[PDB]
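Only one chain is shown below, in structure tokens, and it's the form deposited in one PDB entry.
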């Protein structure tokens, strides 16, 4: 939700979740809690490669963790990470409470999607709506900082 205090700014986790028979690829910036999500045509390495290339063109992605889905281990994804200078790590780090960061984000996202599903004709719309709600939510964690603000602040300081 609000990220992990002991993580580096270049660490991300990715995974796919499922809703209404659709595939939702989710990425989470571990240090901040910021996510990017999107319904993809098929749970393939091709679709996955595209999403990683987009993410890398906007953020300074150093390391990505994913489980061992064939889509995540495909040569298309491997090729994509290599081109983008991304170190791929297989297996989502374990956490006794959340089970895994991306894991808790998949659940949070589905929960949010359930609250606003009534205000969207298409699931794809509800997905972006939920991501918006998640990223803009501010909580006492940091003087009223949202995950969307934390990530740009974290990356900006790194740059500076």
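Residue numbers count along the first chain shown, from 1.
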Comparing 125-133 with 41-49, the higher average Cα temperature factor in the PDB entry belongs to 41-49
Out of 138-146 and 14-22, which stretch has the higher average CA B-factor listed in the record? 138-146
Among 60, 33, 96, 91, the highest C-alpha B-factor in the PDB entry belongs to 91
Which third, lowest, middle or highest, does the C-alpha temperature factor of residue 105 belong to within its own chain? middle
Give the position of residue 153 by CA B-factor within its chain, expressed as the lowest, middle or highest third. lowest
Considering only modelled residues of the same chain, in which third does the CA B-factor of residue 112 rank: lowest, middle or highest? middle
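Another form exists, solved in complex with a partner chain; not displayed. Remarks below refer to it.
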Within 4.5 Å, heavy atoms only: does residue 63 come near its partner chain in the deposited complex? no
